[PDB]
Amino acid sequence: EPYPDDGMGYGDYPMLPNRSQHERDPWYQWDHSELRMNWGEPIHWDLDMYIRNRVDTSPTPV
Amino acid sequence: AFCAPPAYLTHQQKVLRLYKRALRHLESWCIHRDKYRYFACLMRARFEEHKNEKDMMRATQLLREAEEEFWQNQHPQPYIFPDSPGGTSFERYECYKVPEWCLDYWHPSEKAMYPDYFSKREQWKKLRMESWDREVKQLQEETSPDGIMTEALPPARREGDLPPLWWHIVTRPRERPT
Amino acid sequence: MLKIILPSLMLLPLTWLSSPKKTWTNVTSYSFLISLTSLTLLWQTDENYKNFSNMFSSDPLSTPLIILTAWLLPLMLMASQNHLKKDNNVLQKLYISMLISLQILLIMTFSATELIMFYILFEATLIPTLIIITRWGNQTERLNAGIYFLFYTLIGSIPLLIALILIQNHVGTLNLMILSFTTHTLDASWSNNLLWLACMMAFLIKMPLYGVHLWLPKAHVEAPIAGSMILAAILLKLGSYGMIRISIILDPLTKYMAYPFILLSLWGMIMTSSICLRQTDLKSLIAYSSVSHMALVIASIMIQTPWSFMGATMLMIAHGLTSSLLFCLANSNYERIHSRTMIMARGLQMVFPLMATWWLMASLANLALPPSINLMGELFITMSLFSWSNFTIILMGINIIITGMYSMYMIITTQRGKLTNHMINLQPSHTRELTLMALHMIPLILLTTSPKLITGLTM
Amino acid sequence: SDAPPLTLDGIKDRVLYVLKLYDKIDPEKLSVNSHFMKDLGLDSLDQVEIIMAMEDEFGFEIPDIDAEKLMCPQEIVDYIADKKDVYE
Amino acid sequence: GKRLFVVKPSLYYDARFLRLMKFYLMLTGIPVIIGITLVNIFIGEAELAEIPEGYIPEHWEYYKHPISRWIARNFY
Amino acid sequence: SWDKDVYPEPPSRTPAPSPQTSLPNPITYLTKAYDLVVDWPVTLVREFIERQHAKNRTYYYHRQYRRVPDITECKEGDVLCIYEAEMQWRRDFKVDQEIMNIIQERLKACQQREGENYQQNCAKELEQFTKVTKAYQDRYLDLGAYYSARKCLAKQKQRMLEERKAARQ
Amino acid sequence: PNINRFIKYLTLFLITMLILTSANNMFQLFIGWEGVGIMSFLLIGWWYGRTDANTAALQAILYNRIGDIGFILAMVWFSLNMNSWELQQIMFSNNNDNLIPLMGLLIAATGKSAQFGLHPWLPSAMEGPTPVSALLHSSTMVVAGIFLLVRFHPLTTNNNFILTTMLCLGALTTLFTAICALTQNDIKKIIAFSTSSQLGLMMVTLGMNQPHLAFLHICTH
Amino acid sequence: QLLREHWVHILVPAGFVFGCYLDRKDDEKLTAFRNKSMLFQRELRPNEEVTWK
Amino acid sequence: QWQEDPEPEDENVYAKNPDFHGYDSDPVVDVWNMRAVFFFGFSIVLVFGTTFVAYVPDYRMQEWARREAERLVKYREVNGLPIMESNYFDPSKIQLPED
Amino acid sequence: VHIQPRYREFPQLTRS
Amino acid sequence: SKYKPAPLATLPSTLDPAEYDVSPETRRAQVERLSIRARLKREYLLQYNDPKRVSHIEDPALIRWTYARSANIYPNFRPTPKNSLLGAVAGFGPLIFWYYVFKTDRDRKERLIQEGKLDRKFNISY
Amino acid sequence: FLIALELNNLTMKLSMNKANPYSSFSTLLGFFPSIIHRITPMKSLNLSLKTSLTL
Ligand SMILES: CCCCCCCCCCCCCCCCCC(=O)OC[C@H](COP(=O)([O-])OCC[N+](C)(C)C)OC(=O)CCCCCCCCCCCCCCCCC
Ligand SMILES: CCCCCCCCCCCCCCCCCC(=O)OC[C@H](COP(=O)(O)OCCN)OC(=O)CCCCCCCCCCCCCCCCC
Ligand SMILES: CCCCCCCCCCCCCCCCCC(=O)OC[C@H](COP(=O)(O)OCCN)OC(=O)CCCCCCCCCCCCCCCCC
Ligand SMILES: CCCCCCCCCCCCCCCCCC(=O)OC[C@H](COP(=O)(O)OCCN)OC(=O)CCCCCCCCCCCCCCCCC
């Protein structure tokens, strides 16, 4: 699903869901272990915002 | 860790995962061992009471209600083992888990400091040389013509053969490298 | 000044007559001797200015720039030694000649006593940077980047030429000291306002000012390491020196024509620090950090406090050294992994401990660690800006916070964390590049030890 | 000094110790190759309890999918040895 | 016993660079530091004196340190 | 080497020791040991160094500049005497900077010497500092980065004109 | 493998802390301030393969940087109004309106001592090794802002608004940190919030005109 | 043959000597105010003919 | 497809020359260029030049201005003169305009 | 200094 | 007594209702996603465990991400009134805002100096 | 000391109790780390990328 054609330079880049890398399964041997991402899978537009050293979107107890 | 996740979690797997998570949060709340044993026996009794369900849509609804109750009554700080993700010792030694290919870049003097270990290292490298083509052929042969395939890998199918893609698993750094 | 210009000139026949197995050694050693000879301009035992001849002179502001250029030339050869090892001998000697031409023309540019000679040497220095970026750049965007850089700078520099010729016709000689002595006040008319803009916008493009800074990141990315050094460490400071030389004859209307450029500089260093936070290219991130630092230099030069001029001077020298060191570390990583991605190489602290140490000191100099000349420049610029207006401290604080954030984000995502174990083509270290980092970092320590050399004209 | 290293025999002895202490497993029919359902007659909840008992003894977490794969004490011991790098 | 190999990167090149850097720096500076210590122990250390009447001092004679006076006399 | 005419210091008034207790003073014991171990070899080395200095004694002089004509008697455009007056002004500016440093060191020394009585006994140092900073603000303030003898003269002329206009009424 | 590296890092932190403590002028105290902050960053991110450790070090750097902004504001104001960073000229500056530099020093002390608003960098900074936790975050670094306020206490005594907001901020942060400490499970986090609550007690004591009691509590704590 | 092999090593020192020579030529060219500055107007010593060369 | 050389792969330079110093492929030019950089970079520039800069005397007359400041303070304090006059220029030798 | 580890019993406390 | 998700606190994969009322097309979608994931993992594992490899492994996803974040923006940008207004406000409104702030402060300070009400008691290093 | 001793004995007592927002607030750090460390970096980096660089 691409970004809507609002003329912001996105184009055909997919709208990956706004989930950080913290929600990714930490018991899995990801190809990029720090990034918790595999090889060849699409990369979020805000990966540098959603890295584990940065903004977290994880579910909270309350 | 040593097994790849499937396409989806079955209902039985989800029930077991909910049971384990509920008992872990129960021990986080109870702290004391006798109290945890009492309330964990109560939780096991609840699961055994809801065990024998045949309609399975009522079972899915019961699972949804039970995990809703779990999210309402979960510990804000559940107990995490130190080596577990989110723990205290998690990824503590990744700074010491040096990959094995730097010994290829080691100086000949440093190689001469450890002669026997390095000789065993080229023995292992020669074994990898000899096994790579055979395991690539095995991977190409065992690939199904259909688009279905999982992340599982075949074993060695005859004598004198190694499992395909064995190098990164066998030669991984130790969890206590020093 | 001739005793520095002539042997640098004679470096070119040495380059073209040396053996192909001795050219790098001979030129590097003799250019180190050029820097040693250029160190004699610091013999200033009097308040008077070193006027060597009717054409060349040395100054408390011009001297550190000349010494910096003469010091960077052997470092330039060292950084250019590696990526030209598979290259033809004639093209290698041509590249060395281009760097030597940069060094010669920049010494004459900083030592010129005439603004028209300064302008001639200004885009006489523009030409070989174009040639270096366009020929020895790696990606396909080097041609576009050279076009952008050259035409921003030339559309800047043409009204400077018209303003210079008008000033020469109005006064008579355009000599720097004659202008400084018989400076006449301006009538604050529209002609004088447009003349002020004409003589300001060239150096504002070369700085670069915010809004017109777009040539710098692409030129720095698609440039080679020597082009990145020459740009980020000499050419922006050359625009700085141009504004400092030209601002003396622009009283009194600079006190209100300074207004849009100060605001542009403050908001632009905030903007570019934010871009440094959300930047995916290491060379682009260092380039935008350079844009923010030169925006601080704009703010100081335009508020025209003596403390601000000093802070601009020390920030010139400190930012040139630390930006050259940052581009060298980035280029070492680029020659390792053949990529410029910020996030691709992560755990280099493990494989390269000494290079990660150099990374750490370079970033600490970048984020203004005390008692370095970097922080002395930013702190004195802060003091002068707060004297100019008390509400500048908010923008300064936001800039410093995001500066620390992007420097530590650099360190964390390039050195710390788990190692990308798939990069098995990681050679340990070259003594050449480790020497390059050491020769970048030691003069920072020495100038921190003695900061009186780079204080500038005001004090 | 501290933290003595593990051994295959010690891991096997500790796993069989916990399984003997488990009330649903009689110690006379317990072996290292005894299956939890085929000849021990347990179920999935009992298996999860056994995994959590091993987890609480050895002070580290077996992940859920590997834990569901472990099904006899020999596989449990092999997993412990593989995870803690015990080779003798 | 039962000690195991520790996998480490090539520290040989970093150690060699540090050794060469220290060697060249000491090779040039230890004669310099020894000479500085000797000259400040023995000779120079010019003290402030009033200008005698009718005497025109040399430019280096306005400077304090012996090395500064020598450089000013020989090269400036 | 320094003189109390330009670095004034009141004479020290230390009290005589009157130890009421019978315990020995570890400070006095450690001080006597400190002299006997450290101060004697250090002063021996310094005496050897000083007699080597006396063996090779040299002299240097403090340079003095005669007064060139000031910029007020100096024609505009004639850049020779413009230059001479401007460098004389720059020299006097640097001298005034160091005078300010001297007064600031005097004020700091007064504050550290008085300690808790600095609000009363540093009245003379504070008054001298206030007078010299009023004079400095009258002569050199708000000149800008391109401060010069011409700019200083213009500021002084503006201040004199303002004072003359205020003195009419 | 890096026990010598650890020992050298602790020694460098001690040097920077002694510089910060014994410095006479604000530039030298500022050298000590950021040297302590940077060595805190390195010692928190000692286990540099840990993402949580790197994150905690980065946010410790962030809060210390906001404190640095407050310090820079105070330093610049004192340079412009008293021509020096020397504490003697500050003592002579005791007799005017010092609201802006006292606000800057208050912000700096809040950032360094982890009061309310800028608190959680300390319990995040617990991520590093225990001797780092003790020496850095328990005894020496956390009392640096309190120490700065003790240094500038003659200025502090003459401003009643500053004293009231110091007292209120200290009471709020010791209450909040004790509330947080009541239910934590990690023992290091519990005694870290104990450290922050005692720092709030010192901050209350500096809200009163009792700086020497605050320094006595610094040594005691 | 050493002078033939290492003749490239004299070009930069020759340029340095030439630059010093040209600085000396400029210095003796700009002598229109020698011993004529009002700051340094002094009577010539009998053992000298110029204040600076 | 147009004729074009294949993409080269960078080789492990340390494989054939374990004492590689970063300068040139063969060992002799590499080690001599290393020695030339070390001797001309640190030895006779970063130390000799540092000594020369350190022993430049009276740099922009800080020491002379200090001595002159002490002399002027002594003069004006033993003769009771003000330390600094309010006017740099003598008011008698300035001709102000009549209006 | 080194003592025998205990599996589930009370550890042998040294006198010091 | 219900958890409310947020952009910064998302809904859990066990509290969402989408995986309790499952569908065969969602099941086969998960199957095909696992198939693509396994194919990419197999390709990466072959390239990673290849001994004849003498370099790193290039990531086309990372290359695509860098190109999309850097070079594709201006070819794929079209001016709309929304982004025109956004660019105008984000490039000017802070500038006029800080212009008015600094202009008011400097005019007030200049006026206070002109009638002398502002006192610079020891301000000599401006 | 006495209040926390009797509270610890109550935790020793064999009864589960439903958690309250006071203990949730105390255990979850007062919600200041979660709330601030999620909303301020997200707004800062979102403003940076979406406005500054891109726009
Ligand atoms: C990189 C920046 C590019 C844009 C800004 C360019 C500079 C803008 C300010 C200067 C005006 C233009 C250059 C004139 C140079 C000489 C100035 C001067 O001497 O002024 C005093 C003079 C006046 O001289 P005067 O002082 O003798 O006035 C007469 C006074 N009396 C009668 C009392 C004696 O001003 C001019 O002559 C200015 C006329 C300029 C007309 C032509 C302008 C053409 C367009 C210029 C920009 C083109 C590039 C950018 C295009 C857009 C790109 C996106
Ligand atoms: C271990 C080896 C040690 C070798 C000795 C020490 C190193 C070399 C000296 C380093 C000096 C660093 C500082 C340079 C100061 C230059 C001063 C100067 O102005 O020199 C030009 C001067 C012009 O002469 P003139 O103006 O007429 O002065 C006569 C008196 N009125 O003309 C002269 O002064 C004459 C020329 C002599 C000074 C040349 C300085 C340039 C640098 C030379 C580097 C040489 C390195 C040799 C290495 C050999 C290795 C095998
Ligand atoms: C100017 C523009 C530059 C642009 C970039 C240039 C790049 C190329 C640079 C080439 C070399 C140029 C070096 C320039 C910096 C020189 C630093 C220096 O020596 O400064 C002098 C300073 C002495 O201080 P001073 O000048 O008096 O000023 C302070 C008082 N106002 O010295 C010092 O304070 C100390 C000197 C350095 C530190 C000492 C190093 C040697 C230590 C040896 C210790 C040995 C062991 C102990 C021995 C016994 C000690 C008792
Ligand atoms: C009674 C009176 C009461 C008064 C109360 C006053 C309260 C004032 C509060 C002022 C400070 C508020 C903002 C603080 C931001 C802190 C952001 C931060 O570092 O967050 C850390 C977070 C990850 O860390 P965390 O979530 O804690 O832990 C994860 C562990 N797995 O995320 C990260 O690590 C992200 C990495 C950094 C990303 C870039 C951040 C740039 C921030 C630029 C800010 C510019 C403006 C600053 C203004 C300061 C004003 C004081």
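Residues numbered from 1 in each chain as written, not as in the entry; some residues may be left out. Chains lettered and ligands numbered in written order. Part of a larger assembly, values for the part shown. Heavy atoms only, no water.

**Comments concerning the overall build of chain H**
For chain H, the count of helices and strands is two helices and zero strands. Scaling as 2.2 N^0.38, a compact globule of 53 residues should have a C-alpha radius of gyration of about 10 Å, whereas chain H reaches 19 Å, well beyond that. Within the span of chain H, comprising 53 residues, buried residues form 23% of the whole. When the accessible surface of chain H is totalled, it reaches about 4,500 Å², and 62% of it is carbon and sulfur. For chain H, the distance from the average site of its 9 positive side-chain charges to the average site of its 8 negative ones is 2 Å. (Helix = DSSP H or I, 4+ residues; strand = E, 2+ residues; numbered from the N terminus. Rg over C-alpha atoms; globule rule 2.2 N^0.38 Å. Buried < 20%, exposed > 50% of the residue type's maximum accessible area, 1.4 Å probe, protein only. Areas by Shrake-Rupley, 256 points an atom, 1.4 Å probe, with all protein chains shown as cover. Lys, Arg positive; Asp, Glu negative; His and termini not counted. Charge placed at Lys NZ, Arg CZ, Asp CG, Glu CD.)

**Section: the UniProt feature "transmembrane region" in chain H**
According to UniProt, the feature "transmembrane region" maps to residues 6–22 of chain H in the numbering used here. The distance from the first to the last C-alpha atom of residues 6–22 of chain H is 26 Å, and the span holds 71% helix and 0% strand. (UniProt positions renumbered as here; feature names shortened; annotations may be inferred.)

**What to know about a nonpolar patch on the surface**
On the surface, a nonpolar cluster with roughly 630 Å² of combined accessible area is contributed by E:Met26, E:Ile30, E:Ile34, E:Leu38, E:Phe42, E:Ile43 and F:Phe48. Considering each element in turn, the nonpolar patch owes the most residues, five residues, to helix α1 (residues 12–42) of chain E. Secondary-structure assignment places E:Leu38 in helix α1. The class of E:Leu38 is partly exposed, set by a relative accessible area of 44%. (Patch = residues over 30% accessible without salt bridge, like charges linked within 9 Å, V, L, I, M, F, W, Y side chains within 5 Å. Salt bridge = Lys/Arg side-chain N within 4 Å of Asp/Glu carboxyl O.)

**Digging into the pattern of salt bridges**
With the rule as written, the count across this model stands at 72 salt bridges over all chains. Here B:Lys97 makes a salt bridge to B:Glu94, at a shortest N to O gap of 2.9 Å. When its relative accessible area of 14% is taken as the criterion, B:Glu94 is described as buried. Here F:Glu114 ties to F:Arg113 by a salt bridge, and the two come within 4.0 Å at their closest N and O atoms. According to the relative accessible area criterion, F:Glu114 is partly exposed, its value standing at 22%. Assessed through its relative accessible area of 29%, F:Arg113 is described here as partly exposed. By sharing partners, the salt bridges in this structure join B:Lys20, B:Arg24, B:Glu27, B:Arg33, D:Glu55, D:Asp56 and D:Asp64 into a single network.

**Details of the side chain of I:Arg60**
Position of I:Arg60 among the secondary structure elements: in the loop between α3 (48–54) and α4 (62–78). No salt bridge is formed by the buried I:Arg60; its nearest oppositely charged neighbour, C:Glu47, is found at 4.6 Å. Within the local environment of I:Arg60, its side chain forms a polar contact with the side chain of C:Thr455, the two groups lying 3.3 Å apart. Those residues within four positions of I:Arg60 in sequence are excluded, and the remaining contacts are C:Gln44, C:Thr45, C:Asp46, C:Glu47, C:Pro60, C:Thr455, C:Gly456, C:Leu457, C:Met459 and F:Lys94. (Polar contact = N/O pair within 3.5 Å; in protein donor to acceptor, adjacent residues only side chain to side chain. Contact = heavy atoms within 4.5 Å.)

**Observations concerning the arrangement of the chains**
Between all 33 pairs of chains that are in contact, chains F and I come out with the most contacts. Between chain I and chain J there is no contact, and the shortest C-alpha to C-alpha separation is 45 Å.

**Looking at the interface of chain I and chain F**
Contacts between chain I and chain F engage 31 residues on the former and 44 residues on the latter. Each partner contributes to the roughly 3,500 Å² buried at the junction of chain I and chain F, and carbon and sulfur atoms together form 60% of this total. The largest share of the area that chain I buries against chain F comes from I:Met84, I:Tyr88 and I:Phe89, three residues that together contribute 24% of it. Linking chain I with chain F are 18 residue pairs in polar contact. A class-by-class count of the residues in the side of chain I that touches chain F yields 15 nonpolar, three polar and 13 charged. (Buried area = accessible area lost by both parts, 1.4 Å probe. Nonpolar A, V, L, I, M, F, W, Y, C, P; charged D, E, K, R; others polar.)

**With respect to the site of ligand 4**
The immediate surroundings of ligand 4 are formed by 18 residues, with A:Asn53, G:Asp52, G:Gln59, G:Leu62 and L:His37 found nearest. One chain alone does not account for the residues near ligand 4; they come from chains A, C, G and L. In the model, a nitrogen atom of ligand 4 is placed 3.4 Å from a nitrogen or oxygen of the G:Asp52 side chain. At 2.5 Å, a side-chain N or O of L:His37 approaches an oxygen atom of ligand 4. Expressed as a share of its isolated accessible area of 1,200 Å², the protein-covered part of ligand 4 is 64%. Contributions of two or more residues to the shell around ligand 4 are made by α3 (51–82) of chain G together with α3 (32–54) of chain L. Taken together, the residues of the shell around ligand 4 sort by class into nine nonpolar, seven polar and two charged. (Near = heavy atom within 4 Å.)

**Thoughts on the packing of helix α5 (residues 115–136) of chain C against helix α6 (residues 142–171) of chain C**
When two helices pack together, their arrangement is given by the angle between their axes and by how far apart the axes lie. All names here are of chain C. One way to put it is that α5 packs onto α6 with a least axis distance of 10 Å and a crossing angle of 175°. When the axis of α5 is compared with that of α6, the two are roughly antiparallel. In this structure, α5 uses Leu115, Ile116, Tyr119, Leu126, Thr129, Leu130, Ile133, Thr134 and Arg135 to contact α6, whose residues at the interface are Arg142, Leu143, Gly146, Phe149, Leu150, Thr153, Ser157, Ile158, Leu160, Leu161 and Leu164. (Axes fitted to C-alpha atoms, helices over the stretch in contact; angles between N-to-C directions. Parallel < 35°, antiparallel > 145°, perpendicular 65-115°, else oblique.)

**As for the nonpolar core**
Residues C:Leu11, C:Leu99, C:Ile246, C:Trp358, F:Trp89, G:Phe71 and G:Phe152 are the most contacted members of the largest nonpolar core, which totals 388 residues. Apart from the residues lying within four places of it in its own chain, the contact partners of F:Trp89 are F:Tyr140, F:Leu143, F:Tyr147, F:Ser148, F:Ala149, F:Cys152, I:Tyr88 and I:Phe89. Counting residues in each nonpolar core, the second largest holds 26 residues, with D:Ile11, D:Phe36, D:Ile50 and D:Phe60 among its members. (Core = buried A, V, L, I, M, F, W, Y, C linked by side-chain atoms within 4.5 Å.)

**Details of the interface of chain I and chain C**
Listed per partner, the contact involves 32 residues of chain I and 41 residues of chain C. Carbon and sulfur atoms make up 65% of the area that chain I and chain C hide from each other, which totals about 3,200 Å². Seen at the junction of chain I and chain C, the total is one salt bridge. With a closest N to O distance of 3.4 Å, C:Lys21 and I:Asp24 form a salt bridge. Contributions of two or more residues to the side of chain I that touches chain C are made by α2 (27–43) and α3 of chain I. Looking at the side of chain I that touches chain C element by element, the count peaks at eight residues for α2(I). Residues that form the side of chain I that touches chain C fall into these classes: 19 nonpolar, eight polar and five charged.

**Let's talk about the packing of helix α8 (residues 144–151) of chain G against helix α12 (residues 211–220) of chain G**
Residue and element names in this part refer to chain G. Contact pair α8 / α12: the axes reach a minimum separation of 9 Å and the direction vectors enclose 150°. What the angle tells us is that α8 and α12 run roughly antiparallel. In this structure, α8 crosses over α12, and the sense of that crossing is left-handed. Of the residues in α12, those in contact with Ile146, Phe147 and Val150 of α8 are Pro211, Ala214, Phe215 and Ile218. Class assignment of the residues belonging to the contact of α8 with α12 gives a composition of seven nonpolar, no polar and no charged. (Left-handed = near helix turned anticlockwise from the far one by under 90°.)

**Quick notes on the state of the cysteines**
Residue and element names in this part refer to chain F. Following the criterion strictly, the structure yields one disulfide over all chains and no others. There is a disulfide in this structure between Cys110 and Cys122, and the S-S distance comes to 2.0 Å. Here the S-S torsion is close to -120°, and the disulfide linking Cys110 with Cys122 is therefore left-handed. Residue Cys110 is found in helix α2 (residues 79–114), and its partner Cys122 is found in the loop between α3 (118–121) and α4 (123–140); the two are separated by twelve residues along the sequence. Each member of the pair, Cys110 as well as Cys122, is classed as buried. Between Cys81, a free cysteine, and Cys74, which holds the nearest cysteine sulfur, the sulfur-to-sulfur gap is 3.4 Å. (Disulfide = S-S within 2.5 Å.)

**Here's the deal with unusual backbone geometry**
With omega at -5°, the peptide bond leading from C:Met207 into C:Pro208 counts as cis. Looking at the element boundaries, C:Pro208 is found in the loop between α8 (190–206) and α9 (215–222). Residue C:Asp251 is joined to C:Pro252 through a cis peptide bond whose omega torsion reads 0°. Tracing the backbone shows C:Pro252 in the loop between α10 (225–246) and α11 (254–257). Of note in this structure, C:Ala368 is not a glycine but carries a positive phi near 60°. Here C:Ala368 is to be found in the loop between α16 (353–366) and α17 (373–388). Its identity is not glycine, yet L:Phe31 carries a phi of approximately 65°, on the positive side.

**Regarding the site of ligand 3**
Taken together, 16 residues form the shell around ligand 3, and within it C:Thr449, C:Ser450, C:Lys452, I:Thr50 and I:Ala54 come nearest. Per-site note: the chains with residues close to ligand 3 are chains C and I. Between ligand 3 and C:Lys452, the relevant distance is 3.4 Å, taken from an oxygen atom to a side-chain nitrogen or oxygen of the residue. Coverage of ligand 3 by the protein amounts to 54% of the 1,300 Å² it exposes when considered alone. Those elements that place two or more of their residues in the shell around ligand 3 are α3 (62–80) and α19 (431–449) of chain C together with α3 of chain I. Ranked by the residues each element gives to the shell around ligand 3, the list is headed by α19(C), at four residues.

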